[PDB]
Number of protein chains: 2
Amino acid sequence: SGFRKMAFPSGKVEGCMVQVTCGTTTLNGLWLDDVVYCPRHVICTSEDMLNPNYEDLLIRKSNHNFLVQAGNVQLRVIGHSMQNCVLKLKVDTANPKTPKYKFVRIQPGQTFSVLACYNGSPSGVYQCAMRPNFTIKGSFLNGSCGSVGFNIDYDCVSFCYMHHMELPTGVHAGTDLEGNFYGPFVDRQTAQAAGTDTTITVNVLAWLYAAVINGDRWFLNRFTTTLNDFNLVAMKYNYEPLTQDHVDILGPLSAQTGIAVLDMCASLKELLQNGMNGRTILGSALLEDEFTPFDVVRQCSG
Amino acid sequence: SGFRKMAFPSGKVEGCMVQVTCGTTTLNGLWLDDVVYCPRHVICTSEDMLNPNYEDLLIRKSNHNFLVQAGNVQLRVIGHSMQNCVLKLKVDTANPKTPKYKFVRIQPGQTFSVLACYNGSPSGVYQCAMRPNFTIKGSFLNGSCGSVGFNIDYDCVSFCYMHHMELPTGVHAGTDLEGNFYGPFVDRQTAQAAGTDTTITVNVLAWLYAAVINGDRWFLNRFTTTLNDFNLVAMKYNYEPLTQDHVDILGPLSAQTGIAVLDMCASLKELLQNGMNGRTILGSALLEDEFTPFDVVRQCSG
Ligand SMILES: CNC(=O)C[C@H](Cc1ccc(F)cc1)NC(=O)[C@@H](Cc1ccc(Cl)cc1Cl)NC(=O)[C@H](N)Cc1ccccc1C#N
Ligand SMILES: CNC(=O)C[C@H](Cc1ccc(F)cc1)NC(=O)[C@@H](Cc1ccc(Cl)cc1Cl)NC(=O)[C@H](N)Cc1ccccc1C#N
Ligand SMILES: [Cl-]
Ligand SMILES: [Cl-]
Ligand SMILES: [Cl-]
Ligand SMILES: [Cl-]
Ligand code: NA
Ligand code: NA
């Protein structure tokens, strides 16, 4: 028992992290087979970053402008190209530690593990959720750009995120591994604002089920509400509306605990309207929305 | 910026996890050089577990009773011995992925990363603190015993914890890698209770400094208290007393933020006496005590 924010084991990804240097800019890259992927803004100077024209900047580069280091072993760049906001550097050596992998774009409300890296060296691993406004609330310092997010499914790594920038609000924005930004952001050093965020309702319900599985029952009640009457309460508290497919996704947890989804929604309605009155749920005094139903099932099997 | 519970990258440890089977009991072991370390209770049957005499049970075992699998490759056991509560199985192959490592015993109030494993296969990684009562609040299901906790310092892995059991309260107990239990526990299937726990004061202050570094300042005030007058408040709220060495350990963070330690203690006194009045600190509505000063500095460098 117990319930923790749990990242995937990071070993398969650690073997892929490299350092990419162009001029005086150094960030992280991802070395899979004979290609290194990294944020294209590595080619910009401090002046370029305000309003870069990346097509012009790349045409002015050559292979020998790119320094790639995998540990202390330098990798020779034999080709460079751009795909959306990612740079692809072809190298003369295939990474012998390339895992089975896929490039997948995730949905808001889904979670993934982040391997925070600096100068090509992994420093820590943690879970992130993609917010409804396409930002993530990560932990990143200067030098972290090019760090990647991923999920692992039967030894296949699904890469879903490459880190590009911290916004002025301290939240974080990046792309999928095809270089397409999550959300309404661009890779230039200008102040950009995310849209308004909302709380991920299905994840809060999943976490309430985790809590019941782990023995926290004080918030349960004998009431049951309707999907429509709950969604009226959700809108008032800036929660995403609940759909029938969310109820279906929550079916397994509802069956394991014997608490119908709409019964748990009555508990959530009361928690939103009255607070916790000084009590905690799974060690939190707030309603947690960064665990998916899958995260709960993976950790609360027993 | 941002502040997250961050584990160490787990790759160096993943390469050491194996499966150890004795009879119908399967758990995890740690394969370093030509030795596999695992909980000695793998040699017990269901009946033995109530009141095992491990010296008798081990003398009745032979090498061929132990099945060790590293992935799908079976390792041949060529010797067995017991050190306190850990079994040491000598194998005919040195682990080619053995990292530089040390066996270190940690102190209550310190943190470490846990690689949760099942059947020798790593499933997730997360941070734990050793509670003042020598338990950890982990996330472990059946089959997790033998999972290890560790810190990493300049590519040297310091192993500090091997998981042995879940207590009836749902918290977790284990040993150092010499097999010596943390706290007043024994490896037998009987109900055992931990001593009363307390909140780790220096860690709460470290986390308040993290919050200031990240822009949460609402709890600051112009007041400053004395070490003695704060410790009077600490005792009332079941907080560990603050020592001058704790003030010294907090010096670097105090200098980086410009907030004297005893000034931050005045803030903590007010937070304990009045609550948060509906506000949050680093995304929590509770005072967090599972980050050490080192954890904060490692993540809040910038
Ligand atoms: C208090 N917040 C900050 O100071 C972070 C500032 C916020 C800010 C944003 C826009 C602006 F006009 C003024 C300030 N952001 C950065 O400075 C960005 C600048 C940038 C560079 C490349 C590209 Cl394509 C876009 C941008 Cl916008 N630099 C990075 O993200 C670094 N690579 C990583 C980094 C460095 C330092 C701190 C955190 C992180 C991280 N993670
Ligand atoms: C609601 N809580 C539980 O049901 C867990 C129970 C609590 C309980 C404790 C004592 C008792 F008399 C009755 C119940 N504990 C276990 O059943 C232990 C039994 C045990 C075995 C070997 C050794 Cl040396 C000591 C013990 Cl005590 N089994 C394990 O820890 C497993 N290896 C791992 C495990 C299995 C299942 C659930 C969580 C975990 C984990 N992690
Ligand atoms: Cl957590
Ligand atoms: Cl793909
Ligand atoms: Cl966290
Ligand atoms: Cl040692
Ligand atoms: Na493609
Ligand atoms: Na020794």
Side-chain angles (χ1 to χ4, degrees), chain A residues 1-15 17 97 113-118 121-128 136-144 152 155 166-172 210 214-215 275-276 278 280 282-288 290 295 298-302, chain B residues 1-15 17 97 113-118 121-128 136-144 152 155 166-172 210 214-215 275-276 278 280 282-288 290 295 298-302:
Chain A
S1 63
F3 196 74
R4 303 294 313 270
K5 236 165 221 174
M6 186 171 315
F8 285 106
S10 63
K12 286 176 179 63
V13 178
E14 293 168 52
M17 301 306 305
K97 306 174 175 186
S113 302
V114 171
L115 181 65
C117 297
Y118 298 91
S121 292
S123 70
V125 66
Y126 55 87
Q127 284 295 93
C128 276
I136 66 170
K137 292 174 170 161
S139 176
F140 289 120
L141 300 165
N142 190 34
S144 62
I152 300 182
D155 288 65
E166 186 172 300
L167 306 188
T169 57
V171 302
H172 298 111
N214 274 274
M276 306 202 183
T280 63
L282 288 173
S284 180
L286 300 173
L287 301 175
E288 297 290 325
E290 296 220 344
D295 296 342
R298 144 170 149 96
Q299 213 179 136
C300 298
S301 310
Chain B
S1 63
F3 196 74
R4 303 294 313 270
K5 236 165 221 174
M6 186 171 315
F8 285 106
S10 63
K12 286 176 179 63
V13 178
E14 293 168 52
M17 301 306 305
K97 306 174 175 186
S113 302
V114 171
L115 181 65
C117 297
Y118 298 91
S121 292
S123 70
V125 66
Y126 55 87
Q127 284 295 93
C128 276
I136 66 170
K137 292 174 170 161
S139 176
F140 289 120
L141 300 165
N142 190 34
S144 62
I152 300 182
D155 288 65
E166 186 172 300
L167 306 188
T169 57
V171 302
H172 298 111
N214 274 274
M276 306 202 183
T280 63
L282 288 173
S284 180
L286 300 173
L287 301 175
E288 297 290 325
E290 296 220 344
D295 296 342
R298 144 170 149 96
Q299 213 179 136
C300 298
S301 310

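As a basis for the values below, the full set of heavy atoms in this structure was taken, side chains included, without hydrogen atoms, waters or symmetry mates. In what follows, chains are A, B, ... by sequence order, proteins preceding strands, each numbered from 1.
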Choice from B:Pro122, B:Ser123, B:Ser121 maximising heavy atom contacts with chain A below 4.5 Å: B:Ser123
Donor-acceptor contact below 3.5 Å, side chain B:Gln299 vs main chain A:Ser139: no
Heavy-atom proximity to chain B below 4.5 Å, by part of A:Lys137: backbone
Contact leader toward chain B among A:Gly124, A:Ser1, A:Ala285, A:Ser284, where contacts are heavy-atom pairs under 4.5 Å: A:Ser1
For B:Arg4 against A:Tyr126, the heavy-atom pair lying closest together: NH1-CD1, 3.7 Å
A:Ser301 versus chain B, the contacting section by heavy-atom distance below 4.5 Å: both
Test item: A:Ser10 side-chain N/O and B:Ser10 main-chain N/O as donor-acceptor pair under 3.5 Å: yes
Closest-packed option against chain B by number of heavy-atom pairs under 4.5 Å, given A:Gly138, A:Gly302, A:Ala7: A:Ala7
Where B:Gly11 and A:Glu14 come nearest, the two heavy atoms and their spacing: N-OE2, 2.7 Å
Between SG on residue B:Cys300 and CG on residue A:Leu141, distance to nearest 0.5 Å: 7.5 Å
Considering all heavy atoms, the nearest B:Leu286-A:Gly283 contact: CD1-O, 3.5 Å
